[PDB]
Amino acid sequence: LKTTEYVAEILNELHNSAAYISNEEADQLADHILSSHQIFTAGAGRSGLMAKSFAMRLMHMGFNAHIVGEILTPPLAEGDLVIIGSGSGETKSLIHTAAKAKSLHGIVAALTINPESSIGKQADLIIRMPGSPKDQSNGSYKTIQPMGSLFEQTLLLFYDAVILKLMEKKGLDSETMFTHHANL
Amino acid sequence: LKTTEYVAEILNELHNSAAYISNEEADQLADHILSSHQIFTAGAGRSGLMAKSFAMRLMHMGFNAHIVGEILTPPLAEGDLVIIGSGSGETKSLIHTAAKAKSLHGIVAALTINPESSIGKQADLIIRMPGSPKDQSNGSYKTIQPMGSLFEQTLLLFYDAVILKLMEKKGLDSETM
């Protein structure tokens with residue numbers, strides 16, 4: 001295949017995966033971002049990178065956004081949000097993050113294939129992601145890509161869409177858009 | 001209005017945008033990756049995040065992948081490839097990177113909206129990205145999202161498409177990874 005055909009193939013995969021996400025949980029996420037005084041994102045590897053890109057945009061929008069596990073991460077307080085992207089829902093690091101977060105009476109929101117997983121079970125809000133063996137045998141999910149790729153891409157677009165819904169709720173657009181980005 | 005609808009909006013913007021890329025360039029980037037003995041990715045901010053995603057997946061295929069500007073990045077020798085993602089092609093940190101790389105006889109590929117930009121003029125391979133004033137005035141390029149969002153999403157999708165082409169050329173699939 002041509003590289004551009006692979007791009008288009010990828011975008012085909014992302015269609016079946018996207019829409020399939022439930023609005024009620026998603027749109028609830030945006031309200032939590034609006035209330036909580038602090039917001040933390042989290043993920044491992046490539047999912048970690050996507051979490052970072054979301055926190056970057058949130059900061060640009062002027063939320064007190066943070067990334068779990070960086071050098072200058074502040075302590076979570078009661079009420080703060082924690083957003084966790086994890087396919088498996090099993091990554092031991094992020095289990096600990098959710099558990100520790102709930103103990104401090106933070107709110108945990110998990111984005112995962114497996115709502116029943118160790119991370120899902122802890123979450124106050126689950127945004128269920130496609131990729132289940134049931135989804136695959138269904139025809140509701142399929143992929144040509146090495147493991148993680150489609151789920152990681154779904155995180156990005158999903159995160160960026162949450163950005164759009166926050167702009168809307170705050171009455172802004174990609175033209176007005178004043179972003180708080182680094183200077184030096 | 002609803003988040004899943006905005007997802008679809010983004011999907012729409014990507015369909016118009018993504019495939020808008022030239023394969024002659026693309027497949028030659030895959031060609032270069034298989035040639036060079038060391039591969040370096042590069043970017044700033046979010047584009048930097050995408051390039052880290054690339055290098056990681058390139059690492060997974062057993063390529064000699066690194067990311068410009070990390071603690072353990074080794075020195076570039078002649079022949080090596082450096083892949084640079086820059087919307088405007090005018091990020092100062094990356095201009096230097098591009099410059100230094102060529103000045104060391106490395107091969108430079110740049111993924112920018114502006115081929116004649118500072119970074120463009122330094123590159124051996126350009127992968128022109130969608131977003132130009134022309135394409136804007138044309139009515140072909142529209143984005144409802146904060147600046148760079150679309151270019152960045154595109155970078156990621158392209159990088160993962162390039163991974164797939166590399167798998168094809170190496171005769172492997174999702175399983176063998």
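Numbers run from 1 along the shown chain.
Including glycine, each Cβ sits where the backbone N, Cα and C put it.
These come from Swiss-Prot:
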type: DOMAIN; residues: A:29-172; note: domain 'SIS'
type: BINDING; residues: A:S47, A:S86, A:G87, A:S88, A:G89, A:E90, A:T91; note: substrate binding site
type: ACT_SITE; residues: A:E152; note: active site, proton acceptor
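Remark: of the recorded positions A:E90, A:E152, the most isolated position is A:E90 (fewest other Cβ atoms within 10 Å of its Cβ). Those residues noted as binding substrate (A:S47, A:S86, A:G87, A:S88, A:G89, A:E90, A:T91) have their most widely separated CA atoms at a distance of 13 Å. Looking only at the binding-site residues A:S86, A:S88, A:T91, the densest Cβ neighbourhood within 10 Å occurs at A:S86.
For the pair formed by A:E90 (substrate binding site) and A:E152 (active site, proton acceptor), distance between Cα atoms is given as 16 Å, rounded to the nearest Å. Cα of A:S88 (substrate binding site) to Cα of A:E152 (active site, proton acceptor): a distance of 12 Å. Sorting the domain 'SIS' (A:29-172) by DSSP state (H, G, I as helix; E, B as strand; all else coil) yields 68 helix, 22 strand, 54 coil. Same-chain residues that are not part of A:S47, A:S86, A:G87, A:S88, A:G89, A:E90, A:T91 yet have a Cβ within 8 Å of the Cβ center of the substrate site turn out to be A:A44, A:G85, A:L94, A:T112, A:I113, A:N114, A:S117, A:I119. Proximity of A:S47 (substrate binding site) to non-local residues of its own chain (separation of 6 or more, Cβ distance below 8 Å) is seen for A:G85, A:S86, A:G87, A:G148, A:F151, A:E152, A:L155, given in sequence order. Cβ environment of A:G89 (substrate binding site): A:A110, A:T112, A:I113, A:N114, A:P115, A:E116, A:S117, A:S118, A:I119, A:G120 lie under 8 Å away, each six or more residues apart in the same chain.
Around A:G87 (substrate binding site), a 10 Å sphere centred on its CB holds 23 further CB atoms from the protein chains shown.
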